[PDB]
Amino acid sequence: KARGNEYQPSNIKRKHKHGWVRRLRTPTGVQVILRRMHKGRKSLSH
Amino acid sequence: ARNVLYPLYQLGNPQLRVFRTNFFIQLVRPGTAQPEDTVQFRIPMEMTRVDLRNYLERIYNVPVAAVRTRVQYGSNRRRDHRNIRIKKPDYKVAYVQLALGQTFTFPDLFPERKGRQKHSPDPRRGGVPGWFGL
Amino acid sequence: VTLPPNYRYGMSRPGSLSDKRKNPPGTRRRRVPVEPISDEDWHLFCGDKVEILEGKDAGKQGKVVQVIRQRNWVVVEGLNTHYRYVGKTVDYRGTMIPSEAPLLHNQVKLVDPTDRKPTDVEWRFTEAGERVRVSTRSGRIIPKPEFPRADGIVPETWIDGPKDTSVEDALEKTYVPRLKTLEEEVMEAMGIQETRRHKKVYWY
Amino acid sequence: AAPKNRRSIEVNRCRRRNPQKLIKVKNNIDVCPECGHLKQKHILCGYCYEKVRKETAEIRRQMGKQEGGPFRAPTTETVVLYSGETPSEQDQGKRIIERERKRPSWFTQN
Amino acid sequence: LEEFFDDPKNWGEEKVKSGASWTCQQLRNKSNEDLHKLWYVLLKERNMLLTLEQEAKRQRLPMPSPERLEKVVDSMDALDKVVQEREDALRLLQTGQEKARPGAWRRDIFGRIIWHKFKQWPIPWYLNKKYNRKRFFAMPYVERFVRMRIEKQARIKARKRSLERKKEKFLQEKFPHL
RNA sequence: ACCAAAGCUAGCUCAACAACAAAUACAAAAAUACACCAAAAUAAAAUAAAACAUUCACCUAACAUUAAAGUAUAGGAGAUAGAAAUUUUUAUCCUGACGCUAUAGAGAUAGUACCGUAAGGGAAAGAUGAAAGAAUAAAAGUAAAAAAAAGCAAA
RNA sequence: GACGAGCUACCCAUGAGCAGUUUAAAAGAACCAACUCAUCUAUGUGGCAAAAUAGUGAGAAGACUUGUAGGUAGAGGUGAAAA
RNA sequence: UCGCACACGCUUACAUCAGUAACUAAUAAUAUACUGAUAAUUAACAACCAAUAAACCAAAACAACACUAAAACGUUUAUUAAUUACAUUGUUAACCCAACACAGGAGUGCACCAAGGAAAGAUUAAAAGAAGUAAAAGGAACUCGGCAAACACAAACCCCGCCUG
Ligand SMILES: [Mg+2]
Ligand SMILES: [Mg+2]
Ligand SMILES: [Mg+2]
Ligand SMILES: [Mg+2]
Ligand SMILES: [Mg+2]
Ligand SMILES: [Mg+2]
Ligand SMILES: [Mg+2]
Ligand SMILES: [Mg+2]
Ligand SMILES: [Mg+2]
Ligand SMILES: [Mg+2]
Ligand SMILES: [Mg+2]
Ligand SMILES: [Mg+2]
Ligand SMILES: [Mg+2]
Ligand SMILES: [Mg+2]
Ligand SMILES: [Mg+2]
Ligand SMILES: [Mg+2]
Ligand SMILES: [Mg+2]
Ligand SMILES: [Mg+2]
Ligand SMILES: [Mg+2]
Ligand SMILES: [Mg+2]
Ligand SMILES: [Mg+2]
Ligand SMILES: [Mg+2]
Ligand SMILES: [Mg+2]
Ligand SMILES: [Mg+2]
Ligand SMILES: [Mg+2]
Ligand SMILES: [Mg+2]
Ligand SMILES: [Mg+2]
Ligand SMILES: [Mg+2]
Ligand SMILES: [Mg+2]
Ligand SMILES: [Mg+2]
Ligand SMILES: [Mg+2]
Ligand SMILES: [Mg+2]
Ligand SMILES: [Mg+2]
Ligand SMILES: [Mg+2]
Ligand SMILES: [Mg+2]
Ligand SMILES: [Mg+2]
Ligand SMILES: [Mg+2]
Ligand SMILES: [Mg+2]
Ligand SMILES: [Mg+2]
Ligand SMILES: [Zn+2]
């Protein structure tokens, strides 16, 4: 019906999809970290 | 002791000892009314209950009956001119209760013991600069 | 100590009210050019007698209160002067104080004690290895101004409270250079006997 | 409908400086014989009504003290007294409020 | 329990005098037991000062003689330096390993070179699960990133130089020296 | 008269030369129990050929520099692509600037605010003085100073 | 070449709801709430709202609604096909 | 008259004292939402919290016993399990997802008030709009259509799909 509320906060899903461990498990995740360090972000991973 | 490595415990090890203790205490005036048997200490974050008990008894020779602890959350909400957040530090609070029937009271630490020019312009002068005599 | 990258020193202490008012948390101002003078090349101190060569007040003599090395200033007591009120309330302006205006070091020469004249001071290392200031013009040794300390505690007039350690005890050498550490030392001293030993532990 | 053109400052000065949008000058202002403040001819004096109001508030407080609770209110007529006054026979048999201030000049004895 | 507070007569007074803080040289002369004891005389004083601190903050009153808190820090800080030496000297004289905790040089996932502080486990490294899925080594693609920061660093260095250059010139044209 | 306006610095371009200590891959920042580890397969197309199918430099590598030469060749023999044999080169030292001044020059006072679930995107700004331990009135828009038959607003 | 299934499509785990009334009955049965949908009309249209509100409607022990947590990823997924 | 708790989710927005010229409130008053200083939720609830062998065909449905669609959940015996006060951690709120101090989206347990809250800033009573109430005689003559609305709420005939979905 009405839209824009799509994001329903969950702490478990947040850490499980975007968290540091999930990144480190896969090569491309690693490169996400790498690119994000090369741009020097305050926050690397959720 | 804080920030130190501790030896990994296994069966029949030496009793763990710390010769120079790393912690530090604050004795704080309770923000709410609490019974005569209760004292309140902010401690460092990494200190266990048992630690505060032994620390109190052996350093200060206090007969402690009961200890309880909670963790206080400092606000994350105040903003810098750069609009980055200032975080007040989180800190642990402990309540101790004295065993021998002793009553504490927080000492008043400030007893109050210590160690007229009217130049006002003349209403009837009408703005004349009085210094000048004539 | 709290410092930003671009900062102007206003005679006010870095950590003070007048300073937080002078340059609030978000200011960045124009660069202040400072003619570089290395520490070893610096010939001025607080307390010595100097002659002012510049301004409305010149040819005069005076004592130095403090040197601010960052912006390179010297302070002559009550010599270069401008007027500042202290108390100001709605109906009243109180305490007009003559205030020392800062002076650059190009306008101030060091005075040799004997004949009271301005000179160029130059560092010499003597035969015995002391660092003395020799006048180029007058050819003399110029002292440096032995001066009080910031806390106002003079060591000669002093008394111990309950918690002050008496000199004799503090100086006493009790050290016995033997190969134990604090743990074995104290444990042996306190008479705490330990028998059982640590099992083997792996390190990764 | 959207305006077809920006209006010039000329047209705007015409419209919003009109003699109708100007604030009219009120001609009924006078002074009150007592306190000499300003008041409009048909309205009570503000400054006078103030001291009246304050005194009414205080007398209502003291007569709130003379009453025990929310629903309890007197069946007698009330008469308020000031320092030095004793009830007349006309006024006796009535509830009496006693006050510290000597009776204000504008409030009469009757 | 009174030891959390100043001597009762000393409370309302504005200024309170105290000594200098301990300098290392004064501490080198003490034996082990004496340092060990001094530690607690320092400790208690520190707690008492801390309490007065907080209390003064609560009463909305400026705190008497703040210098004290600076001093009791230094001495403790000093005392530490003295014992640390006596351990760190002695451990050299015995073993000859400079660093007190065991440790190694590692190439971690991100291709940095890192100092890996060891940990103490009850079982050998080939049998420890968590330690096994920690990877110390790099993959081929990391070689590219490895290059980039070497290159990035090289720029921040190279254009710092070029600032110190300019500074020398301005000053010299602004101040006709000699 | 308001709103505004002015500084010269922060730093950049381009080029030569060559604070520990603890905590961390549990849902990173959580001292501590039985495992597993670890892995590799051509660059494609956009576009040129006035369409589009074979074909389309540069995009990986080093090889440099002056030539041989845009030559031999290779190509829907079209578009375009393109060598080698064989030849040339004196040392370092000697750093700067007909490079930018706060809509420029770095995105940068920052990868920060903020926007994204996430990969990712990504700003804005500073100005007195020796000393504040001394307190020009020039853009548009308006105000001082509503408007009087008529008409590209002027001549 | 990455990142997306915290929305929605469909599954896999593990939980939770469904009062009354009628009927021998929990029978993809009636009536009608909670709960779910979205029929019809009028408001609203830089809205209260990037799809709502008021009335009015369908279903309401089932191919039912719903919570937490997994899974499938674009040359694909999923689809009681509306491309 | 959408009330009090917990779950998820938010992070000090909560508490006391003080200040509000101007910032937040779409205005004021004053302050749960602005600013400063100071404090604060205390474990018995909740999280964390053994393995391996062996017996055991026999639904939940007030469960007697059944129905078809065949149903989530463990006891007991044996072998070993550091044995030792007090571990560590969650505890405020007027709150969350929708750019907002959004007439909207939100799981569960008990409630219908004992608990929560104000539809009007002040007037005036024009038109036109929105919502509601009542209407003489007539009762679809309105209009694409009885749409909307009704002191009605019932019947019948077709086409297309069989049916609930
Ligand atoms: Mg969004
Ligand atoms: Mg605890
Ligand atoms: Mg607790
Ligand atoms: Mg083409
Ligand atoms: Mg073309
Ligand atoms: Mg084409
Ligand atoms: Mg190509
Ligand atoms: Mg810029
Ligand atoms: Mg975010
Ligand atoms: Mg103008
Ligand atoms: Mg004309
Ligand atoms: Mg999933
Ligand atoms: Mg899902
Ligand atoms: Mg039912
Ligand atoms: Mg049914
Ligand atoms: Mg209606
Ligand atoms: Mg129905
Ligand atoms: Mg039906
Ligand atoms: Mg479906
Ligand atoms: Mg079809
Ligand atoms: Mg179609
Ligand atoms: Mg919660
Ligand atoms: Mg306001
Ligand atoms: Mg938690
Ligand atoms: Mg929780
Ligand atoms: Mg709560
Ligand atoms: Mg919205
Ligand atoms: Mg109104
Ligand atoms: Mg009307
Ligand atoms: Mg009507
Ligand atoms: Mg009607
Ligand atoms: Mg009628
Ligand atoms: Mg008709
Ligand atoms: Mg008709
Ligand atoms: Mg008809
Ligand atoms: Mg109808
Ligand atoms: Mg027909
Ligand atoms: Mg059908
Ligand atoms: Mg049905
Ligand atoms: Zn009056």
# chains A, B, ... in the order shown; residues from 1 in each chain; ligands from 1
>>> closest_atom_pairs(of="chain H", to="ligand 39", cutoff="12 Å", atoms="only C-alpha atoms (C1' of nucleotides) and all ligand atoms", output="tab-separated table")
residue	atom	partner	partner_atom_place_in_ligand_line	distance
H:163	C1'	ligand 39	1 (Mg)	10.8
H:164	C1'	ligand 39	1 (Mg)	4.5
H:165	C1'	ligand 39	1 (Mg)	7.4
>>> write_last_selection(atoms="C-alpha atoms (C1' of nucleotides)", output="PDB file, in the first residue's frame")
ATOM      1  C1'   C H 163     -17.525 -23.912  -6.602  1.00  0.00           C
ATOM      2  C1'   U H 164     -13.769 -21.577  -1.462  1.00  0.00           C
ATOM      3  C1'   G H 165      -9.229 -19.512  -3.491  1.00  0.00           C
TER       4        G H 165
END
>>> select_by_dssp(residues="region 22-119 of chain E", states="strand (DSSP E)", output="VMD selection string")
chain E and resid 103 to 107 113 to 117
>>> residues_around(residues="region 59-76 of chain H", least_positions_apart="6", cutoff="12 Å", atoms="only C-alpha atoms (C1' of nucleotides)", output="PDB file with N, CA and C atoms (P, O5', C5', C4', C3', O3' and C1' of nucleotides), in the first residue's frame")
ATOM      1  P     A G  13      10.785 -27.674   7.040  1.00  0.00           P
ATOM      2  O5'   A G  13      11.938 -27.487   8.119  1.00  0.00           O
ATOM      3  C5'   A G  13      11.627 -27.172   9.457  1.00  0.00           C
ATOM      4  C4'   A G  13      12.693 -26.324  10.085  1.00  0.00           C
ATOM      5  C3'   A G  13      12.311 -25.754  11.432  1.00  0.00           C
ATOM      6  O3'   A G  13      12.481 -26.690  12.471  1.00  0.00           O
ATOM      7  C1'   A G  13      13.175 -24.032  10.089  1.00  0.00           C
ATOM      8  P     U G  14      11.181 -27.404  13.078  1.00  0.00           P
ATOM      9  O5'   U G  14      10.843 -26.514  14.357  1.00  0.00           O
ATOM     10  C5'   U G  14      11.868 -26.125  15.257  1.00  0.00           C
ATOM     11  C4'   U G  14      11.708 -24.695  15.709  1.00  0.00           C
ATOM     12  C3'   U G  14      10.370 -24.319  16.319  1.00  0.00           C
ATOM     13  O3'   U G  14      10.208 -24.765  17.647  1.00  0.00           O
ATOM     14  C1'   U G  14      11.040 -22.635  14.822  1.00  0.00           C
ATOM     15  P     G G  15       8.848 -25.503  18.053  1.00  0.00           P
ATOM     16  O5'   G G  15       7.977 -24.369  18.766  1.00  0.00           O
ATOM     17  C5'   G G  15       7.100 -23.538  18.017  1.00  0.00           C
ATOM     18  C4'   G G  15       7.079 -22.124  18.547  1.00  0.00           C
ATOM     19  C3'   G G  15       5.702 -21.548  18.831  1.00  0.00           C
ATOM     20  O3'   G G  15       5.170 -21.938  20.086  1.00  0.00           O
ATOM     21  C1'   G G  15       6.893 -20.026  17.507  1.00  0.00           C
ATOM     22  P     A G  25     -23.167 -30.898  17.334  1.00  0.00           P
ATOM     23  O5'   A G  25     -21.935 -31.352  16.425  1.00  0.00           O
ATOM     24  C5'   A G  25     -21.527 -30.585  15.298  1.00  0.00           C
ATOM     25  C4'   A G  25     -20.164 -30.996  14.805  1.00  0.00           C
ATOM     26  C3'   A G  25     -19.281 -29.826  14.368  1.00  0.00           C
ATOM     27  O3'   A G  25     -17.912 -30.090  14.667  1.00  0.00           O
ATOM     28  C1'   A G  25     -19.614 -31.287  12.542  1.00  0.00           C
ATOM     29  P     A G  26     -17.041 -28.985  15.447  1.00  0.00           P
ATOM     30  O5'   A G  26     -16.014 -28.432  14.357  1.00  0.00           O
ATOM     31  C5'   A G  26     -16.425 -27.517  13.341  1.00  0.00           C
ATOM     32  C4'   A G  26     -15.531 -27.578  12.120  1.00  0.00           C
ATOM     33  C3'   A G  26     -14.779 -28.889  11.933  1.00  0.00           C
ATOM     34  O3'   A G  26     -14.540 -29.134  10.545  1.00  0.00           O
ATOM     35  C1'   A G  26     -13.245 -27.127  12.464  1.00  0.00           C
TER      36        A G  26
END
>>> interface_residues(of="chain E", to="chain C", cutoff="8 Å", atoms="only C-alpha atoms", output="MDAnalysis selection string")
chainID E and resid 17:19 26 28:33 36 83 86:87 90 102 117:125 131 171 175
>>> residues_near_ligand(ligand="ligand 16", cutoff="9 Å", atoms="only C-alpha atoms (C1' of nucleotides) and all ligand atoms", output="PDB file with N, CA and C atoms (P, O5', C5', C4', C3', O3' and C1' of nucleotides), in the first residue's frame")
ATOM      1  P     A G  42     -17.549   9.771  -6.962  1.00  0.00           P
ATOM      2  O5'   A G  42     -17.449  10.871  -5.810  1.00  0.00           O
ATOM      3  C5'   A G  42     -18.617  11.349  -5.163  1.00  0.00           C
ATOM      4  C4'   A G  42     -18.320  11.850  -3.775  1.00  0.00           C
ATOM      5  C3'   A G  42     -17.105  12.741  -3.634  1.00  0.00           C
ATOM      6  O3'   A G  42     -17.370  14.069  -4.055  1.00  0.00           O
ATOM      7  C1'   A G  42     -17.108  11.136  -1.903  1.00  0.00           C
ATOM      8  P     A G  54     -10.707   6.680   9.131  1.00  0.00           P
ATOM      9  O5'   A G  54     -11.976   7.330   8.416  1.00  0.00           O
ATOM     10  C5'   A G  54     -12.649   8.435   9.001  1.00  0.00           C
ATOM     11  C4'   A G  54     -13.965   8.707   8.317  1.00  0.00           C
ATOM     12  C3'   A G  54     -14.889   7.512   8.124  1.00  0.00           C
ATOM     13  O3'   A G  54     -15.632   7.168   9.286  1.00  0.00           O
ATOM     14  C1'   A G  54     -14.748   8.728   6.106  1.00  0.00           C
ATOM     15  P     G G  55     -16.003   5.627   9.595  1.00  0.00           P
ATOM     16  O5'   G G  55     -17.050   5.226   8.457  1.00  0.00           O
ATOM     17  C5'   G G  55     -18.438   5.491   8.620  1.00  0.00           C
ATOM     18  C4'   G G  55     -19.141   5.704   7.297  1.00  0.00           C
ATOM     19  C3'   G G  55     -19.656   4.464   6.591  1.00  0.00           C
ATOM     20  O3'   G G  55     -20.850   3.945   7.147  1.00  0.00           O
ATOM     21  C1'   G G  55     -18.559   5.821   5.027  1.00  0.00           C
ATOM     22  P     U G  56     -20.959   2.371   7.471  1.00  0.00           P
ATOM     23  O5'   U G  56     -20.994   1.668   6.036  1.00  0.00           O
ATOM     24  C5'   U G  56     -21.893   2.106   5.024  1.00  0.00           C
ATOM     25  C4'   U G  56     -21.502   1.587   3.661  1.00  0.00           C
ATOM     26  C3'   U G  56     -21.346   0.088   3.543  1.00  0.00           C
ATOM     27  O3'   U G  56     -22.587  -0.589   3.422  1.00  0.00           O
ATOM     28  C1'   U G  56     -19.511   1.144   2.494  1.00  0.00           C
TER      29        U G  56
ATOM     30  P     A H 131     -18.571  15.678   1.297  1.00  0.00           P
ATOM     31  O5'   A H 131     -19.050  15.520   2.814  1.00  0.00           O
ATOM     32  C5'   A H 131     -18.272  14.779   3.743  1.00  0.00           C
ATOM     33  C4'   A H 131     -18.729  14.976   5.166  1.00  0.00           C
ATOM     34  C3'   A H 131     -20.178  14.651   5.481  1.00  0.00           C
ATOM     35  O3'   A H 131     -20.457  13.264   5.567  1.00  0.00           O
ATOM     36  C1'   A H 131     -19.615  16.692   6.495  1.00  0.00           C
ATOM     37  P     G H 132     -21.916  12.708   5.148  1.00  0.00           P
ATOM     38  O5'   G H 132     -22.893  13.294   6.273  1.00  0.00           O
ATOM     39  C5'   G H 132     -22.774  12.856   7.619  1.00  0.00           C
ATOM     40  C4'   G H 132     -23.598  13.663   8.600  1.00  0.00           C
ATOM     41  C3'   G H 132     -25.111  13.648   8.449  1.00  0.00           C
ATOM     42  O3'   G H 132     -25.720  12.447   8.903  1.00  0.00           O
ATOM     43  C1'   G H 132     -24.381  15.841   8.937  1.00  0.00           C
ATOM     44  P     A H 148     -23.102   3.757  -4.739  1.00  0.00           P
ATOM     45  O5'   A H 148     -23.212   5.322  -4.473  1.00  0.00           O
ATOM     46  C5'   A H 148     -22.512   5.962  -3.420  1.00  0.00           C
ATOM     47  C4'   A H 148     -23.103   7.323  -3.176  1.00  0.00           C
ATOM     48  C3'   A H 148     -24.109   7.398  -2.046  1.00  0.00           C
ATOM     49  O3'   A H 148     -23.503   7.568  -0.781  1.00  0.00           O
ATOM     50  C1'   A H 148     -25.065   8.340  -3.962  1.00  0.00           C
ATOM     51  P     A H 149     -23.999   6.683   0.464  1.00  0.00           P
ATOM     52  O5'   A H 149     -25.418   7.307   0.838  1.00  0.00           O
ATOM     53  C5'   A H 149     -25.588   8.710   0.981  1.00  0.00           C
ATOM     54  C4'   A H 149     -27.045   9.091   0.927  1.00  0.00           C
ATOM     55  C3'   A H 149     -27.967   8.251   1.788  1.00  0.00           C
ATOM     56  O3'   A H 149     -27.978   8.681   3.135  1.00  0.00           O
ATOM     57  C1'   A H 149     -28.875   8.423  -0.373  1.00  0.00           C
TER      58        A H 149
END
>>> atom_distance(atom1="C1' of residue 11 (chain G)", atom2="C1' of residue 7 (chain H)")
26.3 Å
>>> residues_near_ligand(ligand="ligand 13", cutoff="9 Å", atoms="only C-alpha atoms (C1' of nucleotides) and all ligand atoms", output="ChimeraX atom specification")
/G:5-6,70-71
>>> write_last_selection(atoms="C-alpha atoms (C1' of nucleotides)", output="PDB file, in the first residue's frame")
ATOM      1  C1'   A G   5      15.637 -11.388  -0.475  1.00  0.00           C
ATOM      2  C1'   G G   6      15.291  -6.134   6.926  1.00  0.00           C
ATOM      3  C1'   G G  70      17.873 -18.926   7.189  1.00  0.00           C
ATOM      4  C1'   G G  71      17.925 -19.755   1.655  1.00  0.00           C
TER       5        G G  71
END
>>> residues_near_ligand(ligand="ligand 1", cutoff="12 Å", atoms="only C-alpha atoms (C1' of nucleotides) and all ligand atoms", output="list in words")
residues 3, 4, 5, 6, 7 and 8 of chain A; 115, 116 and 117 of chain F; 7 and 50 of chain G; 97, 98 and 99 of chain H
>>> residues_near_ligand(ligand="ligand 2", cutoff="12 Å", atoms="only C-alpha atoms (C1' of nucleotides) and all ligand atoms", output="VMD selection string")
(chain B and resid 42 to 53 67 to 72 91 to 95) or (chain H and resid 42 to 43 86 to 89)
>>> atom_distance(atom1="CA of residue 92 (chain C)", atom2="CA of residue 119 (chain B)")
7.6 Å
>>> residues_around(residues="residue 49 (chain F)", least_positions_apart="4", cutoff="12 Å", atoms="only C-alpha atoms (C1' of nucleotides)", output="VMD selection string")
chain F and resid 54 to 56 76 78 to 80
>>> atom_distance(atom1="CA of residue 145 (chain C)", atom2="CA of residue 46 (chain C)")
6.9 Å
>>> residues_near_ligand(ligand="ligand 10", cutoff="10 Å", atoms="only C-alpha atoms (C1' of nucleotides) and all ligand atoms", output="list in words")
residues 3, 4, 138, 139, 140, 141 and 142 of chain F
>>> interface_residues(of="chain H", to="chain B", cutoff="12 Å", atoms="only C-alpha atoms (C1' of nucleotides)", output="ChimeraX atom specification")
/H:11-16,35-36,38-43,82,85-92
>>> residues_near_ligand(ligand="ligand 40", cutoff="10 Å", atoms="only C-alpha atoms (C1' of nucleotides) and all ligand atoms", output="JSON, numbers by chain")
{"D": [31, 32, 33, 34, 35, 36, 37, 38, 39, 44, 45, 46, 47, 48, 49, 50, 51]}
>>> residues_around(residues="region 12-22 of chain A", least_positions_apart="2", cutoff="12 Å", atoms="only C-alpha atoms (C1' of nucleotides)", output="PyMOL selection string")
(chain A and resi 7-10+24-30+32-33+43-46) or (chain E and resi 133-134) or (chain F and resi 24-29+117-119) or (chain G and resi 3-6+68-70) or (chain H and resi 8-9)
>>> decode(residues="region 3-81 of chain G", atoms="C-alpha atoms (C1' of nucleotides)", output="PDB file, in the first residue's frame")
ATOM      1  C1'   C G   3      26.667  -5.151  -3.650  1.00  0.00           C
ATOM      2  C1'   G G   4      21.313  -6.172  -2.522  1.00  0.00           C
ATOM      3  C1'   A G   5      15.637 -11.388  -0.475  1.00  0.00           C
ATOM      4  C1'   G G   6      15.291  -6.134   6.926  1.00  0.00           C
ATOM      5  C1'   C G   7      10.444  -4.485   0.953  1.00  0.00           C
ATOM      6  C1'   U G   8       8.126  -7.869  -2.118  1.00  0.00           C
ATOM      7  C1'   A G   9       7.854 -13.583  -4.941  1.00  0.00           C
ATOM      8  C1'   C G  10       8.366 -18.472  -3.404  1.00  0.00           C
ATOM      9  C1'   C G  11      10.310 -21.949  -0.014  1.00  0.00           C
ATOM     10  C1'   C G  12      13.003 -24.148   4.809  1.00  0.00           C
ATOM     11  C1'   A G  13      13.175 -24.032  10.089  1.00  0.00           C
ATOM     12  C1'   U G  14      11.040 -22.635  14.822  1.00  0.00           C
ATOM     13  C1'   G G  15       6.893 -20.026  17.507  1.00  0.00           C
ATOM     14  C1'   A G  16       1.890 -17.828  17.949  1.00  0.00           C
ATOM     15  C1'   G G  17      -3.598 -16.389  17.106  1.00  0.00           C
ATOM     16  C1'   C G  18      -8.950 -17.407  15.789  1.00  0.00           C
ATOM     17  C1'   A G  19     -14.324 -14.953  20.754  1.00  0.00           C
ATOM     18  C1'   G G  20     -19.201 -15.613  20.446  1.00  0.00           C
ATOM     19  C1'   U G  21     -23.906 -17.619  17.512  1.00  0.00           C
ATOM     20  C1'   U G  22     -25.698 -21.886  14.452  1.00  0.00           C
ATOM     21  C1'   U G  23     -25.336 -26.957  13.397  1.00  0.00           C
ATOM     22  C1'   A G  24     -24.433 -34.611  15.009  1.00  0.00           C
ATOM     23  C1'   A G  25     -19.614 -31.287  12.542  1.00  0.00           C
ATOM     24  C1'   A G  26     -13.245 -27.127  12.464  1.00  0.00           C
ATOM     25  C1'   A G  27     -17.819 -29.109   6.903  1.00  0.00           C
ATOM     26  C1'   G G  28     -11.731 -24.865   1.573  1.00  0.00           C
ATOM     27  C1'   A G  29     -20.711 -24.955   5.588  1.00  0.00           C
ATOM     28  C1'   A G  30     -23.855 -20.560   7.688  1.00  0.00           C
ATOM     29  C1'   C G  31     -24.090 -15.577  10.800  1.00  0.00           C
ATOM     30  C1'   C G  32     -20.976 -11.913  12.752  1.00  0.00           C
ATOM     31  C1'   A G  33     -16.325  -9.515  16.118  1.00  0.00           C
ATOM     32  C1'   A G  34     -10.707  -9.378  16.659  1.00  0.00           C
ATOM     33  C1'   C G  35      -7.557 -10.211  12.472  1.00  0.00           C
ATOM     34  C1'   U G  36      -6.885 -10.092   7.257  1.00  0.00           C
ATOM     35  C1'   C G  37      -7.849  -8.131   2.461  1.00  0.00           C
ATOM     36  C1'   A G  38      -9.470  -3.705  -1.122  1.00  0.00           C
ATOM     37  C1'   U G  39     -15.483  -3.559  -3.872  1.00  0.00           C
ATOM     38  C1'   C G  40     -17.974   1.136  -4.602  1.00  0.00           C
ATOM     39  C1'   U G  41     -18.643   6.417  -3.715  1.00  0.00           C
ATOM     40  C1'   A G  42     -17.108  11.136  -1.903  1.00  0.00           C
ATOM     41  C1'   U G  43     -13.152  13.920   0.092  1.00  0.00           C
ATOM     42  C1'   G G  44      -7.611  14.583  -0.688  1.00  0.00           C
ATOM     43  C1'   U G  45      -4.181  15.892  -5.395  1.00  0.00           C
ATOM     44  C1'   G G  46       3.205  20.564  -3.254  1.00  0.00           C
ATOM     45  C1'   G G  47      -2.254  15.746   0.634  1.00  0.00           C
ATOM     46  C1'   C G  48      -2.273  14.209   7.253  1.00  0.00           C
ATOM     47  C1'   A G  49      -0.262  10.293   3.264  1.00  0.00           C
ATOM     48  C1'   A G  50       5.679   9.796  -3.045  1.00  0.00           C
ATOM     49  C1'   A G  51      -1.501   5.707  -2.632  1.00  0.00           C
ATOM     50  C1'   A G  52      -4.259   8.244   2.758  1.00  0.00           C
ATOM     51  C1'   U G  53      -9.035   9.368   5.589  1.00  0.00           C
ATOM     52  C1'   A G  54     -14.748   8.728   6.106  1.00  0.00           C
ATOM     53  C1'   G G  55     -18.559   5.821   5.027  1.00  0.00           C
ATOM     54  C1'   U G  56     -19.511   1.144   2.494  1.00  0.00           C
ATOM     55  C1'   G G  57     -17.825  -3.544   1.388  1.00  0.00           C
ATOM     56  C1'   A G  58     -15.711  -9.123   0.691  1.00  0.00           C
ATOM     57  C1'   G G  59     -13.104 -13.549   3.874  1.00  0.00           C
ATOM     58  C1'   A G  60     -13.180 -14.625   8.985  1.00  0.00           C
ATOM     59  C1'   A G  61     -10.505 -23.188  11.404  1.00  0.00           C
ATOM     60  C1'   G G  62      -8.462 -22.286   6.348  1.00  0.00           C
ATOM     61  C1'   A G  63      -5.101 -23.077  -0.694  1.00  0.00           C
ATOM     62  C1'   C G  64      -6.121 -18.622   6.969  1.00  0.00           C
ATOM     63  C1'   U G  65      -3.465 -14.591   8.889  1.00  0.00           C
ATOM     64  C1'   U G  66       1.154 -13.336  11.602  1.00  0.00           C
ATOM     65  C1'   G G  67       6.381 -13.030  14.655  1.00  0.00           C
ATOM     66  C1'   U G  68      11.678 -14.255  14.827  1.00  0.00           C
ATOM     67  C1'   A G  69      15.571 -16.479  11.986  1.00  0.00           C
ATOM     68  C1'   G G  70      17.873 -18.926   7.189  1.00  0.00           C
ATOM     69  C1'   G G  71      17.925 -19.755   1.655  1.00  0.00           C
ATOM     70  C1'   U G  72      17.644 -18.712  -4.114  1.00  0.00           C
ATOM     71  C1'   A G  73      20.965 -12.766  -7.418  1.00  0.00           C
ATOM     72  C1'   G G  74      20.274  -9.894 -12.974  1.00  0.00           C
ATOM     73  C1'   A G  75      22.838 -13.877 -19.554  1.00  0.00           C
ATOM     74  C1'   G G  76      19.638 -14.660 -13.161  1.00  0.00           C
ATOM     75  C1'   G G  77      15.993 -15.567  -9.263  1.00  0.00           C
ATOM     76  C1'   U G  78      10.826 -16.325  -8.021  1.00  0.00           C
ATOM     77  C1'   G G  79       5.921 -16.643 -10.597  1.00  0.00           C
ATOM     78  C1'   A G  80      -2.321 -20.109  -8.529  1.00  0.00           C
ATOM     79  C1'   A G  81       1.359 -15.647 -16.030  1.00  0.00           C
TER      80        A G  81
END
